[PDB]
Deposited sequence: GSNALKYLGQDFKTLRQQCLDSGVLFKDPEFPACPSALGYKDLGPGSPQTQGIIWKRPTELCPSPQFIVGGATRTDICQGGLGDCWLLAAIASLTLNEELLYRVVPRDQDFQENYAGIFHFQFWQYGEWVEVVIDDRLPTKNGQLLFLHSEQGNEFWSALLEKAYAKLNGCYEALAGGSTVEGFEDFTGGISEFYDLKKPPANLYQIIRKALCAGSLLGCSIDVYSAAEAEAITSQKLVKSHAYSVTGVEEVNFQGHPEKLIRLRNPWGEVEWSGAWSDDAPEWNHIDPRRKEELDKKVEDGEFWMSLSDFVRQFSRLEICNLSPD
């Protein structure tokens, strides 16, 4: 039974609002510069003000819905994308019976992991905007707001949105479910890296990776093959194809921007025409979406580290 953060109860607070005919304004996280953590013309808007018929979830709560905005919370967002592949645990963190029509009182709740247990966090649905548009996390589908709201929820538990940026975890994700964070030096990898990744993905584990830098000015810089440096990616898959008379190990990556690697095994790359055309159809998706394949060899050369949250 989850701890109520600051003793706020979603159900009793929603009822109070509904009965009063008001929308929730969270006294513990005001729509103020202190919630931002710091940029002109930021106005807080509810989804019901930006849209006539806002949806909480459209076509399922998926990684497609994870596009980073003007905030350096890549690790959190690559983590949420990874979490979408573990559907049962995603829907612990993101309660599904939440929407903008039934019982709508401008209030939402999420469950996070803090201090060896589940914590329930209540928020109001005012979200920072600039120019009629969400500043921070948004979905590919503009009528969809579950991920915008989830991110505000993490920001609340971290003190402000800015505290979400820069680090390799956040409050609500530290030792998630009481599991073991494991890290692999990709420059000295295990011989069975492919299997360890495949097993983790099958187990509903969370995997991400980054490219280390040697200068603060090189952070977020983009390589000649369109990788972003010092930037958390999701590992979203692995497959084996037969290429040039031998097995060929592939790894699938997703940039939390939602928009990619231009090297071997990239979306429009020529290696896909030298495999079983059936495999090209199944694997080579040609969408500018942040998600792409690399060979596992190219993966270990380009990136510094693999993280696995078991």
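When the deposited sequence is numbered from 1, the segments without any C-alpha atom are 1 to 2, 41 to 49, 271, 323 to 326.
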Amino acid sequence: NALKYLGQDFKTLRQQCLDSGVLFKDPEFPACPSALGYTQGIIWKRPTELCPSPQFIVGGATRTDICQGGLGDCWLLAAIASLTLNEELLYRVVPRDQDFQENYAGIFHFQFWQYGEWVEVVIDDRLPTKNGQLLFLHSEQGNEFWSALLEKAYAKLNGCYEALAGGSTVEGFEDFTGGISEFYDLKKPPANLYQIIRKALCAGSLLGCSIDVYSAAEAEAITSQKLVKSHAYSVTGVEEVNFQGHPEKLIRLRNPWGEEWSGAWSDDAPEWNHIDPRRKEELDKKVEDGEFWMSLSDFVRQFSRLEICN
From here on, numbers count along this sequence of modelled residues.
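Stretches 161 to 169 and 177 to 185 differ in mean CA B factor, with 177 to 185 having the higher one. Relative to its counterpart among 144 to 152 and 122 to 130, 122 to 130 has the higher mean temperature factor, C-alpha atoms as listed in the PDB entry. When the C-alpha B factors of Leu89, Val238, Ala203, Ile80 are read from the deposited coordinates, the top value falls at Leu89. For the set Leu207, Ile196, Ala219, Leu85, the maximum C-alpha B-factor listed in the entry falls on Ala219. Residue-level temperature factors show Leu227 in the middle third of its chain, judged at the C-alpha atom.
For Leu36, the recorded CA temperature factor ranks within the middle third of the chain's modelled residues. Ranked within its chain, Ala105 lands in the lowest third, by CA B factor from the PDB record.
In the deposited entry, the Cα temperature factor of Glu281 places it in the lowest third of its chain's modelled residues. Split the chain's modelled residues into thirds by C-alpha temperature factor. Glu260 is in the middle one.
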